[PDB]
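Single-letter residue listing:
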Protein chains: 2
Amino acid sequence: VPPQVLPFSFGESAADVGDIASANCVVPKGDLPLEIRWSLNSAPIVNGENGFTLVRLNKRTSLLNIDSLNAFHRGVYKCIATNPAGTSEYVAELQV
Amino acid sequence: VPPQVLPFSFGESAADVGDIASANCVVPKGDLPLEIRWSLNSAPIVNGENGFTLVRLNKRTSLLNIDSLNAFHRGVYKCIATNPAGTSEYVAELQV
């Protein structure tokens with residue numbers, strides 16, 4: 001069984017500077033183990049850089065958080081699931 | 001400034017038994033401190049009961065998670081923000 005990433009949104013398409021943003025990637029179906037990664041504009045997002053905060057709260061969940069938005073968090077956000085059976089993704093967008 | 005709860009979804013309206021469900025309540029605007037509570041069918045959700053898992057990952061964020069869905073997680077999910085300036089909420093729905 002390959003993975004399937006449910007749709008996700010920031011609850012918005014734009015947000016002010018200094019405000020918080022949060023998105024939730026959920027993979028309820030797909031063979032384990034699962035690789036779940038976040039990227040902004042086709043560049044990887046790492047826990048503890050550029051104001052990001054990644055939290056694998058579950059083997060099937062990966063929350064991304066931003067505590068203080070700025071002009072470098074604007075763009076396209078993607079969450080890619082991967083297992084040996086295949087890959088799956090979903091895309092969102094955000095401006096500031 | 002009263003709170004404003006951004007729209008949120010489970011990424012779906014139905015899910016199979018034994019699967020995981022996850023929803024994210026975000027309150028990027030509104031005076032602090034903020035009270036954020038989850039309920040299912042107008043009944044409060046508590047961290048560590050009925051298969052639920054609440055995680056105040058932030059002062060402006062409250063993720064709800066379910067690790068093994070069953071026939072008692074079906075219904076209407078609500079996330080209510082509260083400060084001395086007022087309240088705000090958003091509603092989602094889920095069946096199994």
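Preceding this paragraph is the structure being described.
Definitions and cut-offs
Residues numbered from 1 in each chain as written, not as in the entry; some residues may be left out. Chains lettered and ligands numbered in written order. Heavy atoms only, no water. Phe/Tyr/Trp six-rings, centres within 6.5 Å; stacked < 30°, edge-to-face > 60°. Helix = DSSP H or I, 4+ residues; strand = E, 2+ residues; numbered from the N terminus. Buried < 20%, exposed > 50% of the residue type's maximum accessible area, 1.4 Å probe, protein only. Least-squares fit on C-alpha atoms. Contact = heavy atoms within 4.5 Å.

Chemist: Could you clarify how one ought to interpret the packing of aromatic side chains in this entry?
Modeler: Within this structure, the stated rule accounts for eight aromatic pairs over all chains. Here the aromatic rings of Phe10 of chain A and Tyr77 of chain A are separated by 5.0 Å at their centres, their planes lie at 65°, and the arrangement is edge-to-face. Placement of the pair is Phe10 of chain A in the segment before β1 (21-26) and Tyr77 of chain A in strand β6 (residues 75-83), with a sequence separation of 67 residues. Here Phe10 of chain A matches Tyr77 of chain A in class, with each residue buried. With 6.3 Å between their ring centres and 65° between their planes, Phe52 of chain B and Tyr77 of chain B make a pair best called edge-to-face. Within this pair, whereas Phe52 of chain B is found in strand β4 (residues 52-58), its partner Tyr77 of chain B is found in strand β6 (residues 75-83), the two being separated by 25 residues in sequence. For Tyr77 of chain B, a relative accessible area of 0% gives the class buried. Grouped by ring-pair contacts, the aromatic residues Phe8, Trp38 and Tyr90 of chain A constitute a single cluster.

Chemist: Before we go on, may I ask you to explain the relation of the copies chain A and chain B in this structure?
Modeler: For the pair chain A and chain B, the best superposition has an RMSD of 0.0 Å and corresponds to a rotation of 180° with a translation of 0.0 Å parallel to the axis. Both chain copies can therefore be described as sitting about a two-fold axis. In terms of proximity to the rotation axis, the leading residue of chain A is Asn24 of chain A, whose C-alpha is 3.3 Å off the axis. Mapped onto chain B, 100% of the interface residues of chain A again fall at the interface, so both copies present the same surface.

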